[PDB]
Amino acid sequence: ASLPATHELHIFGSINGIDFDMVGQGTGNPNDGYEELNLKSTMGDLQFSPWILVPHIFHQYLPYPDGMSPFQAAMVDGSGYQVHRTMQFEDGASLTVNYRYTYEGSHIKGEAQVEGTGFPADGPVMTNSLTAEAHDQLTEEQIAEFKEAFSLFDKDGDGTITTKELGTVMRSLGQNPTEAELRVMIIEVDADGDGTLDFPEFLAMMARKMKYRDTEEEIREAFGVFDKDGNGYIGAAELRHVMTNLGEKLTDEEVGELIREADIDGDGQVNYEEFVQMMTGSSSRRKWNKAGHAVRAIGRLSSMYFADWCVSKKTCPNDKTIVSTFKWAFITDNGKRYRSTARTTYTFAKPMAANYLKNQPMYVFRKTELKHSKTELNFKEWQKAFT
């Protein structure tokens, strides 16, 4: 075969014992990982969230940094590979997907058999209640706390955060973003386009559910900023350092009060679980949250440019096998999380070229978009592989 230009997919099987069957036409660019596919049901309206099909609906399109991926090499060779994927869901549901491909020049003919079982009859999969877009519902007190955090960034008090002000705060916390990085962070959340991050835009950014970044990740990263010496406790001096560097001036008395308020077990330091509880005496709790929200805002702004991108980690147990893993915390209509993990085993008919076995692990970042009716899916994928 040659490198791919066009592909087709027959994806079929059952979810909770209900049969589905879709047939699909697409294209992509093997030089950059791009794919697009149109799928239509042959068996009327889908009875489950098509979001669980998104990873399943063609790594022959994925290049590596300096040449072909092994997937591509196996297509060009003709000998090819087989794919076995399992997904485990937090409700105990499981899905298995097996693929076959055939190649005719630049054309891939793919078939994927999907069997999934154990989905709660009223959960988000069986009720089509998974979405790309949701936000937190904030109370007035939560909005008031975000406004305190916003004020740490708004150094001149003019009611908006500039690149100068965001850079100042990030630098105070040991991060050195470039001006272009600061402009990208702002433009990603700057709804009115003025070049600054105002309080409504700040609130909206903090309330957004990001596809591949959840509360646990943000609170874990925030703890890391406080816990400067990485010993798993925030001490009084570490708390003082974060507060001072953010611009929140505190007396020795106040630092002591904040530690005592958080320090449930009485050892004079704040462990990760005590921190989690603070981030979920009212004036001490509000001061912790002012700093915590500010730290989380920096983490969220820092990470926006890959917000739409999910990482897979690939290794080779031997010269004819790749094992890939990722995790996906789907978002529900009501802005809750629905966690899954995936494990995919690729079996190659011929041994992979030696340089693939040398360059382990590989990390592959994927962006996906799904537009769906009851009968039709429009899918796009963007991919990038890193050593």
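The first residue of the sequence shown is number 1, and the count goes up from there.
Colleague: How many missing residues of the deposited sequence lie between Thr280 and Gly281 in the entry, grouped as none, 1 to 3, 4 to 9, or 10 or more?
Modeller: Unresolved stretch here: 4 to 9 residues.
Colleague: Unmodelled residues of the deposited sequence between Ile57 and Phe58: none, 1 to 3, 4 to 9, or 10 or more?
Modeller: Unmodelled stretch: 1 to 3 residues, a short break.
Colleague: For the higher mean C-alpha B factor in the entry, choose 91 to 99 or 116 to 124.
Modeller: Higher of the two, by average CA B-factor, is 116 to 124.
Colleague: Determine, for stretches 301 to 309 and 182 to 190, which one has the higher mean CA B-factor as deposited.
Modeller: Stretch with the greater average CA B-factor: 301 to 309.
Colleague: Checking the entry, which one of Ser172, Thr162, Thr86, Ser151 has the top C-alpha B factor?
Modeller: So the option with the highest C-alpha B-factor is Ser172.
Colleague: Please pick out which of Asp156, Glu111, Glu201, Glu141 has the largest Cα B-factor as recorded in the entry.
Modeller: Checking the PDB record, the top C-alpha B-factor among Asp156, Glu111, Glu201, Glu141 is at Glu141.
Colleague: Tell me, lowest, middle or highest third: where does the Cα B factor of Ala5 rank within its chain?
Modeller: As the PDB entry reports it, the C-alpha B-factor of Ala5 lands in the lowest third of its chain.
Colleague: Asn318: which third of its chain by C-alpha temperature factor?
Modeller: Its C-alpha B-factor belongs to the highest third of this chain's values.
Colleague: What third of its chain's C-alpha B-factors does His293 belong to: lowest, middle or highest?
Modeller: Its C-alpha B-factor, which the entry lists for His293, ranks in the middle third among residues of this chain.
Colleague: Which third, lowest, middle or highest, does the CA B-factor of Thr215 fall in along this chain?
Modeller: Highest third of the chain for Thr215's C-alpha B-factor.
Colleague: Within this chain, which third does the Cα B-factor at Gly235 fall in: lowest, middle or highest?
Modeller: It belongs to the middle third of the chain when residues are ordered by C-alpha B-factor.
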